[PDB]
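Below, each value reflects all heavy atoms present in this structure, side chains not excepted, and no hydrogens, waters or symmetry copies. Below, chains carry the letters A, B, ... as their sequence lines are ordered, and counting in each starts from 1.
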Amino acid sequence: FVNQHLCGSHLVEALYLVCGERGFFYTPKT
Amino acid sequence: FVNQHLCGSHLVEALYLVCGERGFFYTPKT
Amino acid sequence: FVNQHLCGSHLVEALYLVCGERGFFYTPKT
Amino acid sequence: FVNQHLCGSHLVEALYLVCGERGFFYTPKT
Amino acid sequence: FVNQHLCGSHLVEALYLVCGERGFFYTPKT
Amino acid sequence: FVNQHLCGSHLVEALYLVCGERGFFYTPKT
Amino acid sequence: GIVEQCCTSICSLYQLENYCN
Amino acid sequence: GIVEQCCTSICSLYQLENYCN
Amino acid sequence: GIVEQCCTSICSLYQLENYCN
Amino acid sequence: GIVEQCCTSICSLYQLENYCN
Amino acid sequence: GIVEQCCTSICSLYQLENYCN
Amino acid sequence: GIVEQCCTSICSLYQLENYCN
Ligand SMILES: [Cl-]
Ligand SMILES: [Cl-]
Ligand SMILES: [Zn+2]
Ligand SMILES: [Zn+2]
């Protein structure tokens, strides 16, 4: 695999990809 | 706004647009 | 809801989301 | 170019790429 | 990582995220 | 049709669109 | 839940807003 | 219309171009 | 227009409804 | 192939990695 | 947080798993 | 390559067909 800049909707698309059924949180304020 | 029919990654895109800087949690069933 | 920068394909994705069955126009020249 | 099978938001993405700076109108049935 | 159910353009998005700067080849059947 | 900047996942989405069943290669190193 | 509802039936942006942090 | 045709059957980029402004 | 309102500047989902038919 | 497998059944990111250059 | 790690800086797919539930 | 032609510079849909198999 690789390391890249993932921002905005692309970041959440990647989380969906990687987490799937486990679910995830997207918390940009931190 | 209109009602939505959203599967897979399209749900995550919609949550991203709705929540913005607040972020969100994605929690599918089992 | 929130206010964010929405550009290009992401802008048209947001219009689709918000307008749906009503349809929309994307007219960047204005 | 090849023929396309496009539903939902994927149609709007295709229109965006085809029309570019001209923009476009999205008009679904009823 | 979780197993994936990916059709159409969603497969190409996943390949993009997996391969990064290496790039990839997309080769559907017939 | 038109000429535009197509980068990253958006570039591969456009290749999918244009090539479809023929398949394609995305080789950013060149 | 919301993930299943939006896909098997329909859902509103107002329902989606409940999943924001 | 075009939105239904592309989804239920198939459509070309040339057909899509008719919806540009 | 929409690009100036929503990309260059920022806009709400309600503002985006200005461009629905 | 991989394009059909991921869509008709399921596939892993590890299987996808085989299609990188 | 995630934006600093993955957008501002760069992160791997493994790092992204830090944000799964 | 493709990034230089289509991202850094600009390219047409016809140019993109250069990268089909
Ligand atoms: Cl972008
Ligand atoms: Cl889909
Ligand atoms: Zn983007
Ligand atoms: Zn889709």
Side-chain angles (χ1 to χ4, degrees), chain F, chain L:
Chain F
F1 307 106
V2 299
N3 295 192
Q4 59 204 122
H5 296 277
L6 292 170
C7 301
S9 66
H10 301 294
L11 179 47
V12 299
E13 286 274 357
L15 284 171
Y16 172 76
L17 188 24
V18 154
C19 302
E21 64 231 79
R22 302 183 266 180
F24 66 83
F25 53 98
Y26 173 59
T27 52
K29 303 171 179 181
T30 264
Chain L
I2 192 179
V3 178
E4 291 69 46
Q5 293 298 320
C6 293
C7 176
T8 304
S9 192
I10 63 187
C11 76
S12 69
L13 264 32
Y14 298 103
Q15 287 174 78
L16 279 168
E17 288 189 299
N18 291 339
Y19 308 95
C20 304
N21 289 146

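Side-chain contact between L:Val3 and F:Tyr26: present, with at least one pair of heavy atoms (C-beta onward) separated by less than 4.5 Å.
Between chain L and the options F:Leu15, F:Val18, F:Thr30, the largest number of non-hydrogen pairs under 4.5 Å is found for F:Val18.
Contact detail for F:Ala14 and L:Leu16: the closest heavy-atom pair is CB-CD1, 3.6 Å.
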With a cut-off of 3.5 Å and sequence neighbours excluded, list every side-chain donor-acceptor pair involving residues 3-12 of chain F.
| unit_1 | atom_1 | unit_2 | atom_2 | d |
| --- | --- | --- | --- | --- |
| F:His5 | ND1 | L:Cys7 | O | 2.7 |
| F:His5 | ND1 | L:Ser9 | O | 3.0 |
| F:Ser9 | OG | A:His10 | ND1 | 3.4 |
| F:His10 | ND1 | C:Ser9 | OG | 3.4 |
| F:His10 | NE2 | A:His10 | NE2 | 3.3 |
| F:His10 | NE2 | C:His10 | NE2 | 3.3 |

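Only the side chain of L:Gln15 comes within contact range of chain F, with at least one heavy atom under 4.5 Å from a heavy atom of that chain.
By the side-chain contact (heavy atoms from CB on, under 4.5 Å) test, F:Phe25 is found to be paired with F:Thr27, L:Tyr19, L:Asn21, residues two or more places apart in sequence or in another chain being considered.
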